[PDB]
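A.B. asks: Encoded as structure tokens, here's the structure I'll be asking about.
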Amino acid sequence: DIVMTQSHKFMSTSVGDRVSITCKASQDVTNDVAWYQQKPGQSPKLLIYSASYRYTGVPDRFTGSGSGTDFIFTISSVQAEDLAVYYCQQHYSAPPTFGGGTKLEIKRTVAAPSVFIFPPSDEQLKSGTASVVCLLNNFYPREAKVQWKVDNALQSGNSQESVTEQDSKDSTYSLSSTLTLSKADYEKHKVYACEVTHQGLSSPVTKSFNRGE
Amino acid sequence: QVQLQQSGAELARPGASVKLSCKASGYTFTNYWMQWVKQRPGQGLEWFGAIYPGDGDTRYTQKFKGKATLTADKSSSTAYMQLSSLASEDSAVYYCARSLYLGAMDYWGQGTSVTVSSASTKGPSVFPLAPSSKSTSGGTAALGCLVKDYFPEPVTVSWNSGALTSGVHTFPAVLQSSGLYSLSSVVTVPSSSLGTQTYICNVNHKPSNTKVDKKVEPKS
């Protein structure tokens, strides 16, 4: 089978920039290459067919070029909603094969997170567990770091983090950190604190509460 | 309009079989390939196989020939993909897609998720993340819902029955060491609204038939 190589798994670009994504076929496929765009939670969408033709309804900023083994997909002026994974595909020979994909990420300037903390709910405390949630909203770059302190004691092994995909309008991220405690342990301590470091923060931000307040 | 409607999510035990469907409309079914594309969680697209219902010819990527069978019903314009002897590597989203024979895939179905697991279904607990002075900055307040300890994915979360979409972040689920998933959904709203607008997170977990509408009460 024909191997389609997209040598870059990731590519970064600013809104307004031109970006090009490469795809190399292991043998000559003439012009029998298509390009697809896949955004999170969505099916792939056809953008380019026969190597260089824009598919019906595709915006003018998307083009493709190439014939033989070397193919290029180009966005002439990136828009914020163009973050997606882009895939090439050949149909010169059966079976069709896909490239490995290139994830387009959007560069922007540093934005510090807004940090908020949520004590356990009364409903959860009823059931023997206490989860504390720390929210980091609308920051850039992605590398925000959360540490938990309980009565000024650094926690380990009892928290988990999740991060959103880059926002399609402002290119920021948000992150949740959840500290999971037993109710008995939660009842042993006063101060619950989320501490955040990020390139937009000159010093760590601490958001805290006292149990029962 | 050309439409490809796929069947609902499947949870299947290892060793069992499932049969997925892709109902086509809006075009002459027998003029086109219907192919299937596999995407394991977090991974790339794999072309799986195709049928040309006009003459019955099938074509499979070699690695999938052993356990998969592609069929089509011309009378109902429906293509089927049957997966047998299911293994964890078969957990994935499977899309159907139309193309001219050996050509560009112009119309796609919405995908069917197959999850291969011996574990039992478990519905989530849903807890409020109430807005307060500690979730307020300037003129806005953050609130949310914690959706804890369910299996398998996914839960769907909406706010105010889908009316509230701006400022919502529903985070990726995280797999816990217990084998269960949790996630949180948050939304930022005007602090001026907390006393007059009700905020309800609508949580749907189809595998366990769990449906919760959790009112999130503001703290004074």
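Naming scheme: A, B, ... for chains in displayed order of the structure tokens; residues 1 onward per chain; ligands 1 onward as shown.
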Give me, as a ChimeraX atom specification, the contact residues of chain B against chain A at a cut-off of 9 Å, counting only C-alpha atoms.
C.D. replies: /B:43-49,59-62,95,102-111,125-132,134-137,142-143,146,169-174,176,183-184,186
A.B. asks: According to DSSP computed on the backbone, where in range 27-183 of chain B is there strand (DSSP E or B)? Give the residues as a ChimeraX atom specification.
C.D. replies: /B:33-39,46-52,57-60,68-73,78-83,92-99,105-108,112-116,122,125-129,136-137,140-151,156-159,168-170,174-175,181-183
A.B. asks: Just checking: using only C-alpha atoms, which residue out of A:126, A:112, A:40, A:180 ends up closest to residue 203 in chain A?
C.D. replies: A:112
A.B. asks: Excluding same-chain residues fewer than 6 positions from residue 32 in chain B, what lies within 7 Å of it counting only C-alpha atoms, as number ranges by chain?
C.D. replies: B: 52, 98-101
A.B. asks: Using Å and a single decimal, report how far CA of residue 188 in chain A sits from CA of residue 154 in chain A.
C.D. replies: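 Those two atoms sit 15.3 Å apart.
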A.B. asks: Can you tell me which residues surround residue 9 in chain B at a distance of at most 8 Å, considering only C-alpha atoms, apart from same-chain residues fewer than 5 positions away, and format the answer as a VMD selection string?
C.D. replies: chain B and resid 112 to 114
A.B. asks: Write out, as a tab-separated table (two decimals), in the first residue's frame, the residues just selected, with C-alpha atoms.
C.D. replies:
chain	number	residue	atom	x	y	z
B	112	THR	CA	-20.49	5.81	15.42
B	113	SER	CA	-18.45	5.19	18.56
B	114	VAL	CA	-17.70	1.58	19.50
A.B. asks: Leaving out residue 150 in chain B and any residue of its chain fewer than 4 positions from it, which residues lie within 6 Å of it when counting only C-alpha atoms, given as a PDB file with N, CA, C and O atoms, in the first residue's frame?
C.D. replies:
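Result went into part_9.pdb, see below:
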ATOM      1  N   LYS B 122     -22.023   2.575  34.472  1.00  0.00           N
ATOM      2  CA  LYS B 122     -22.234   3.284  35.727  1.00  0.00           C
ATOM      3  C   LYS B 122     -22.581   4.729  35.410  1.00  0.00           C
ATOM      4  O   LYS B 122     -21.857   5.395  34.662  1.00  0.00           O
ATOM      5  N   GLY B 123     -23.696   5.214  35.959  1.00  0.00           N
ATOM      6  CA  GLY B 123     -24.096   6.588  35.758  1.00  0.00           C
ATOM      7  C   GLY B 123     -23.373   7.546  36.688  1.00  0.00           C
ATOM      8  O   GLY B 123     -22.929   7.172  37.777  1.00  0.00           O
ATOM      9  N   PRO B 124     -23.258   8.806  36.278  1.00  0.00           N
ATOM     10  CA  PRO B 124     -22.528   9.791  37.079  1.00  0.00           C
ATOM     11  C   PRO B 124     -23.354  10.324  38.238  1.00  0.00           C
ATOM     12  O   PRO B 124     -24.587  10.292  38.234  1.00  0.00           O
ATOM     13  N   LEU B 180     -13.236   4.618  36.202  1.00  0.00           N
ATOM     14  CA  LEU B 180     -14.374   5.484  35.926  1.00  0.00           C
ATOM     15  C   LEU B 180     -13.890   6.846  35.445  1.00  0.00           C
ATOM     16  O   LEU B 180     -12.733   7.227  35.650  1.00  0.00           O
ATOM     17  N   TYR B 181     -14.793   7.573  34.784  1.00  0.00           N
ATOM     18  CA  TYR B 181     -14.490   8.890  34.243  1.00  0.00           C
ATOM     19  C   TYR B 181     -15.125   9.983  35.085  1.00  0.00           C
ATOM     20  O   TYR B 181     -16.137   9.775  35.750  1.00  0.00           O
TER      21      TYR B 181
END
A.B. asks: Return the single residue from A:20, A:172, A:37, A:152 that is closest to residue 78 in chain A, with distances computed using only C-alpha atoms.
C.D. replies: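 For residue 78 in chain A, the nearest of the given residues is A:20.
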A.B. asks: Could you give me, as number ranges by chain, the residues within 7 Å of residue 214 in chain B, counting only C-alpha atoms and dropping anything in the same chain fewer than 2 positions from it?
C.D. replies: B: 200-202, 212, 216
A.B. asks: To one decimal place, how far is CA of residue 8 in chain A from CA of residue 103 in chain A in Å?
C.D. replies: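 According to the coordinates, CA of residue 8 in chain A and CA of residue 103 in chain A are separated by 8.4 Å.
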A.B. asks: Which one of A:75, A:3, A:84, A:21 sits closest to residue 54 in chain A if you count only C-alpha atoms?
C.D. replies: A:75
